[PDB]
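Engineer: Structure incoming, see below.
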Amino acid sequence: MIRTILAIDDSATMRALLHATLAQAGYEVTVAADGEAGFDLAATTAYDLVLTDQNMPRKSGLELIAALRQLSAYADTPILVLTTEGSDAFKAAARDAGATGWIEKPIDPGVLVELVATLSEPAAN
């Protein structure tokens, strides 16, 4: 089940919003200073839900997702990457790295909590 959550946004409002939405729910959500600091640690801590944000960077960091995807520890863990351009070509990138799905920011509390809820709850088709 869900144990810890990590979020990384550029707007202080979002970082707090998502942090509160999950906090009130009880989950242990935490925000980082930058997508790099969050991801770099996400591999050392191994959270249940990770949320990154960027606009087609160049430096390192996100690449870490590859190492996590190949592994059988994060490959299953749900990953949501934020976008701004909202292009189709970008969809290939997020998937290439090894991320579950992507979304456009900002993010609403009803959608975020719902996206994690399904994961928090068990399965029984």
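Every chain in the structure tokens takes a letter, A first, then B, and so on in the order presented; its residues are numbered from 1, and the ligands are numbered from 1 following the presented order.
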DSSP says alpha helix (DSSP H) for which residues of chain A? Put them as a ChimeraX atom specification?
Structural biologist: /A:12-25,35-45,64-70,88-97,109-120
Engineer: As a list in words, please: every residue in stretch 7-101 of chain A that a backbone DSSP assignment puts in strand (DSSP E).
Structural biologist: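 The strand (DSSP E) subset of stretch 7-101 of chain A is residues 7, 28, 29, 30, 31, 49, 50, 51, 52, 53, 79, 80, 81, 82, 83 and 101 of chain A.
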Engineer: Quick one: residues within 9 Å of stretch 43-58 of chain A, only C-alpha atoms, excluding same-chain residues fewer than 5 positions away - as a PyMOL selection string?
Structural biologist: chain A and resi 1-10+29+34-36+38+64-65+67-68+73-74+77-85+90+105+116
Engineer: Taking N, CA, C and O atoms for each residue, export the selection above as a tab-separated table (two decimals), in the first residue's frame.
Structural biologist:
chain	number	residue	atom	x	y	z
A	1	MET	N	0.83	-1.20	0.00
A	1	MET	CA	0.00	0.00	0.00
A	1	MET	C	0.86	1.26	0.00
A	1	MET	O	2.09	1.17	0.01
A	2	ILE	N	0.22	2.42	-0.01
A	2	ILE	CA	0.93	3.69	-0.02
A	2	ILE	C	1.57	3.96	1.34
A	2	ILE	O	0.92	3.85	2.38
A	3	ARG	N	2.85	4.32	1.32
A	3	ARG	CA	3.58	4.61	2.55
A	3	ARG	C	4.11	6.03	2.54
A	3	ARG	O	3.95	6.78	3.51
A	4	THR	N	4.76	6.41	1.45
A	4	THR	CA	5.33	7.75	1.31
A	4	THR	C	5.08	8.31	-0.09
A	4	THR	O	5.00	7.56	-1.06
A	5	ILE	N	4.98	9.63	-0.18
A	5	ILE	CA	4.74	10.29	-1.46
A	5	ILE	C	5.69	11.47	-1.64
A	5	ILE	O	6.02	12.17	-0.69
A	6	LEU	N	6.11	11.70	-2.88
A	6	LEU	CA	7.01	12.80	-3.20
A	6	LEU	C	6.47	13.64	-4.35
A	6	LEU	O	5.95	13.10	-5.33
A	7	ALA	N	6.59	14.96	-4.22
A	7	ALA	CA	6.11	15.87	-5.26
A	7	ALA	C	7.15	16.94	-5.56
A	7	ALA	O	7.88	17.39	-4.67
A	8	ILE	N	7.22	17.36	-6.82
A	8	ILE	CA	8.17	18.38	-7.24
A	8	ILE	C	7.54	19.33	-8.26
A	8	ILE	O	7.31	18.95	-9.41
A	9	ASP	N	7.27	20.56	-7.83
A	9	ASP	CA	6.67	21.56	-8.70
A	9	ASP	C	7.50	22.84	-8.71
A	9	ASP	O	8.42	23.00	-7.90
A	10	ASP	N	7.17	23.75	-9.62
A	10	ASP	CA	7.89	25.01	-9.73
A	10	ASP	C	7.16	26.11	-8.95
A	10	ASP	O	7.80	26.98	-8.35
A	29	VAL	N	3.13	12.75	2.31
A	29	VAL	CA	3.65	13.41	1.11
A	29	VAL	C	4.71	14.45	1.48
A	29	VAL	O	4.60	15.13	2.49
A	34	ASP	N	14.00	20.58	-6.12
A	34	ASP	CA	14.05	20.45	-7.57
A	34	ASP	C	13.80	19.01	-8.00
A	34	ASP	O	14.02	18.08	-7.23
A	35	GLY	N	13.33	18.84	-9.23
A	35	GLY	CA	13.06	17.51	-9.74
A	35	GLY	C	14.24	16.57	-9.59
A	35	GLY	O	14.06	15.37	-9.39
A	36	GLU	N	15.45	17.12	-9.67
A	36	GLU	CA	16.66	16.33	-9.54
A	36	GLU	C	16.83	15.82	-8.11
A	36	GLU	O	17.09	14.64	-7.89
A	38	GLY	N	14.56	15.48	-5.91
A	38	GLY	CA	13.48	14.57	-5.59
A	38	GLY	C	13.70	13.19	-6.16
A	38	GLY	O	13.54	12.18	-5.47
A	64	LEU	N	17.45	9.25	-14.30
A	64	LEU	CA	17.43	8.25	-13.23
A	64	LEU	C	16.22	7.32	-13.38
A	64	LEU	O	16.29	6.14	-13.04
A	65	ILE	N	15.13	7.87	-13.90
A	65	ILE	CA	13.91	7.09	-14.10
A	65	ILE	C	14.21	5.79	-14.84
A	65	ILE	O	13.59	4.76	-14.57
A	67	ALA	N	16.98	3.89	-14.75
A	67	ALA	CA	17.55	2.92	-13.82
A	67	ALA	C	16.47	2.34	-12.90
A	67	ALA	O	16.54	1.18	-12.51
A	68	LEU	N	15.49	3.17	-12.56
A	68	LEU	CA	14.40	2.74	-11.69
A	68	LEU	C	13.41	1.86	-12.45
A	68	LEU	O	12.85	0.92	-11.88
A	73	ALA	N	11.74	-2.79	-8.77
A	73	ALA	CA	11.36	-2.18	-7.50
A	73	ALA	C	10.52	-0.92	-7.73
A	73	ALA	O	9.64	-0.60	-6.93
A	74	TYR	N	10.80	-0.22	-8.82
A	74	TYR	CA	10.08	1.00	-9.16
A	74	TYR	C	9.21	0.80	-10.40
A	74	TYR	O	8.21	1.49	-10.59
A	77	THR	N	5.93	0.70	-9.29
A	77	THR	CA	5.52	1.95	-8.65
A	77	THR	C	4.99	2.94	-9.67
A	77	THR	O	5.58	3.16	-10.73
A	78	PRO	N	3.84	3.57	-9.35
A	78	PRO	CA	3.21	4.55	-10.23
A	78	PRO	C	4.00	5.85	-10.32
A	78	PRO	O	4.45	6.38	-9.30
A	79	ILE	N	4.17	6.35	-11.53
A	79	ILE	CA	4.91	7.59	-11.76
A	79	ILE	C	4.12	8.55	-12.63
A	79	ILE	O	3.66	8.19	-13.71
A	80	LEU	N	3.97	9.78	-12.16
A	80	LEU	CA	3.23	10.80	-12.90
A	80	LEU	C	4.12	12.02	-13.17
A	80	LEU	O	4.58	12.68	-12.25
A	81	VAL	N	4.34	12.30	-14.45
A	81	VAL	CA	5.17	13.44	-14.85
A	81	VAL	C	4.31	14.59	-15.36
A	81	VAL	O	3.40	14.39	-16.17
A	82	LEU	N	4.60	15.79	-14.89
A	82	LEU	CA	3.85	16.98	-15.29
A	82	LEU	C	4.40	17.54	-16.60
A	82	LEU	O	5.58	17.39	-16.91
A	83	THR	N	3.53	18.18	-17.37
A	83	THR	CA	3.92	18.77	-18.65
A	83	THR	C	3.37	20.18	-18.80
A	83	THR	O	2.54	20.62	-18.00
A	84	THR	N	3.83	20.89	-19.82
A	84	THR	CA	3.39	22.25	-20.08
A	84	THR	C	2.99	22.44	-21.54
A	84	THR	O	2.01	23.12	-21.84
A	85	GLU	N	3.76	21.83	-22.44
A	85	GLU	CA	3.49	21.93	-23.87
A	85	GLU	C	2.27	21.10	-24.25
A	85	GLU	O	1.49	21.49	-25.12
A	90	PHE	N	5.93	14.37	-26.75
A	90	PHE	CA	6.41	14.31	-25.37
A	90	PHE	C	5.96	13.02	-24.70
A	90	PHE	O	6.70	12.44	-23.90
A	105	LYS	N	-0.11	20.35	-15.60
A	105	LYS	CA	-0.25	21.16	-14.39
A	105	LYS	C	-0.94	22.49	-14.71
A	105	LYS	O	-0.95	22.96	-15.85
A	116	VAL	N	-4.21	8.49	-6.99
A	116	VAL	CA	-3.50	7.72	-5.98
A	116	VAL	C	-4.44	6.75	-5.26
A	116	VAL	O	-4.04	5.65	-4.89
